[PDB]
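Take a look at the structure below.
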Amino acid sequence: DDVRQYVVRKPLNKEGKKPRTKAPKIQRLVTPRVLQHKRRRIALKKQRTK
RNA sequence: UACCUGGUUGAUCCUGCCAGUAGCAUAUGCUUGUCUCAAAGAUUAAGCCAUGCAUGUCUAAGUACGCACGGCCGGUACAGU
């Protein structure tokens with residue numbers, strides 16, 4: 001399942017500005033950038049053996 | 001700049017020390033217009049200390065749900081300060 005969309009949201013209300021909602025940055029999500037760092041980590045091992 | 005002078009006797013020649021003469025660095029007295037440098041609670045007590053200051057620190061790159069401030073609307077991890 002997708003871990004996004006199920007994340008809890010916090011509503012903001014005050015007399016001045018419009019309503020808003022907040023949610024946190026997620027800390028173990030395995031995005032494409034995490035996978036890209038894992039690929040270079042093993043490309044450096046191959047280069048040293050050559 | 002490798003230098004001496006007064007003082008023992010009625011007078012002389014010596015020994016020998018006292019006093020004078022020049023510099024240096026601590027205190028102290030009288031006196032003082034301009035201008036460039038600049039030592040300064042060591043000496044006695046490593047004695048006793050009111051008050052203030054004398055050591056802090058963030059980048060594109062460890063952790064941002066602070067309505068704290070904010071956008072054109074939306075969290076697509078999640079904007080931005």
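How things are named: the first chain in the structure tokens is A, the next is B, and so on; residues count from 1 in each chain; ligands count from 1 in the order shown.
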
> So which residues touch range 2-13 of chain A within 6 Å, counting only C-alpha atoms (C1' of nucleotides), skipping near sequence neighbours fewer than 4 positions away, as a list in words?
Replying inline: residues 19, 20, 21, 22 and 23 of chain A

Kindly save the residues from that selection, with N, CA and C atoms included, as a CSV table (one decimal), in the first residue's frame.
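The new file part12.csv reads:
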```
chain,number,residue,atom,x,y,z
A,19,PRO,N,-8.2,29.4,6.8
A,19,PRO,CA,-7.8,28.1,7.2
A,19,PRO,C,-6.7,27.4,6.5
A,20,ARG,N,-6.0,26.5,7.1
A,20,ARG,CA,-4.9,25.7,6.6
A,20,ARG,C,-4.9,24.3,7.2
A,21,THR,N,-4.1,23.4,6.6
A,21,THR,CA,-3.8,22.1,7.2
A,21,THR,C,-2.3,21.8,7.0
A,22,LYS,N,-1.7,21.1,8.0
A,22,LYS,CA,-0.3,20.7,8.1
A,22,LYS,C,-0.1,19.2,8.2
A,23,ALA,N,1.0,18.6,7.7
A,23,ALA,CA,1.4,17.2,8.0
A,23,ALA,C,3.0,17.1,7.9
```

> Mind listing as a list in words which residues of chain B are within 8 Å of chain A, counting only C-alpha atoms (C1' of nucleotides)?
Replying inline: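 The answer, sorted by residue number, is residues 65, 67, 75, 77 and 78 of chain B.
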
Write out the residues from the selection above, keeping N, CA, C and O atoms (P, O5', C5', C4', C3', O3' and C1' of nucleotides), as a PDB file, in the first residue's frame.
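Result file part35.pdb:
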```
ATOM      1  P     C B  65       7.971  18.351  10.204  1.00  0.00           P
ATOM      2  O5'   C B  65       6.539  18.844  10.730  1.00  0.00           O
ATOM      3  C5'   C B  65       5.830  19.867  10.050  1.00  0.00           C
ATOM      4  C4'   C B  65       4.682  20.420  10.896  1.00  0.00           C
ATOM      5  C3'   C B  65       5.134  20.890  12.283  1.00  0.00           C
ATOM      6  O3'   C B  65       5.429  22.284  12.289  1.00  0.00           O
ATOM      7  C1'   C B  65       3.287  19.350  12.415  1.00  0.00           C
ATOM      8  P     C B  67       2.140  25.381  14.184  1.00  0.00           P
ATOM      9  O5'   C B  67       2.041  26.953  14.452  1.00  0.00           O
ATOM     10  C5'   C B  67       1.472  27.850  13.524  1.00  0.00           C
ATOM     11  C4'   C B  67       1.150  29.140  14.293  1.00  0.00           C
ATOM     12  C3'   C B  67       0.117  28.853  15.390  1.00  0.00           C
ATOM     13  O3'   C B  67       0.365  29.518  16.638  1.00  0.00           O
ATOM     14  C1'   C B  67      -0.828  30.163  13.554  1.00  0.00           C
ATOM     15  P     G B  75      -4.164  19.166   0.047  1.00  0.00           P
ATOM     16  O5'   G B  75      -2.724  18.458  -0.072  1.00  0.00           O
ATOM     17  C5'   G B  75      -1.524  19.113   0.326  1.00  0.00           C
ATOM     18  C4'   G B  75      -0.300  18.562  -0.417  1.00  0.00           C
ATOM     19  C3'   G B  75      -0.071  17.056  -0.275  1.00  0.00           C
ATOM     20  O3'   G B  75      -0.210  16.446  -1.556  1.00  0.00           O
ATOM     21  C1'   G B  75       1.719  18.395   0.770  1.00  0.00           C
ATOM     22  P     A B  77       6.068  12.376  -2.990  1.00  0.00           P
ATOM     23  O5'   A B  77       5.927  13.101  -1.556  1.00  0.00           O
ATOM     24  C5'   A B  77       5.104  12.557  -0.528  1.00  0.00           C
ATOM     25  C4'   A B  77       5.799  12.458   0.833  1.00  0.00           C
ATOM     26  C3'   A B  77       5.975  13.774   1.584  1.00  0.00           C
ATOM     27  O3'   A B  77       5.103  13.815   2.714  1.00  0.00           O
ATOM     28  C1'   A B  77       8.030  12.458   1.494  1.00  0.00           C
ATOM     29  P     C B  78       3.824  14.780   2.722  1.00  0.00           P
ATOM     30  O5'   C B  78       4.498  16.242   2.797  1.00  0.00           O
ATOM     31  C5'   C B  78       5.120  16.739   3.974  1.00  0.00           C
ATOM     32  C4'   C B  78       6.143  17.857   3.673  1.00  0.00           C
ATOM     33  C3'   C B  78       5.663  18.896   2.640  1.00  0.00           C
ATOM     34  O3'   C B  78       6.183  20.190   2.987  1.00  0.00           O
ATOM     35  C1'   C B  78       7.669  17.973   1.967  1.00  0.00           C
TER      36        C B  78
END
```

> How many Å separate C1' of residue 43 in chain B from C1' of residue 25 in chain B?
Replying inline: 13.6 Å

> Looking only at the backbone, which of the residues in chain A does DSSP tag as helix (DSSP H, G or I), as a ChimeraX atom specification?
Replying inline: /A:32-49

>> Could you go through chain A and tell me which residues DSSP, when run on the backbone, assigns to strand (DSSP E or B), listing them as a ChimeraX atom specification?
In response: /A:10-12,20-22

Please save N, CA and C atoms of the selected residues as a short mmCIF file (atom, residue, chain, number, x, y, z; two decimals), in the first residue's frame.
```cif
data_model
loop_
_atom_site.label_atom_id
_atom_site.label_comp_id
_atom_site.auth_asym_id
_atom_site.auth_seq_id
_atom_site.Cartn_x
_atom_site.Cartn_y
_atom_site.Cartn_z
N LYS A 10 -3.36 17.96 10.40
CA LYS A 10 -3.67 18.88 11.51
C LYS A 10 -4.31 20.17 10.96
N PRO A 11 -5.56 20.52 11.30
CA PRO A 11 -6.20 21.76 10.86
C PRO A 11 -5.79 22.98 11.70
N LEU A 12 -5.64 24.13 11.04
CA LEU A 12 -5.31 25.43 11.63
C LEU A 12 -6.45 26.44 11.46
N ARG A 20 -5.96 26.50 7.12
CA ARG A 20 -4.86 25.70 6.56
C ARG A 20 -4.85 24.29 7.16
N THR A 21 -4.11 23.37 6.56
CA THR A 21 -3.77 22.07 7.15
C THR A 21 -2.27 21.77 7.04
N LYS A 22 -1.69 21.12 8.05
CA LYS A 22 -0.29 20.67 8.06
C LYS A 22 -0.14 19.16 8.24
#
```
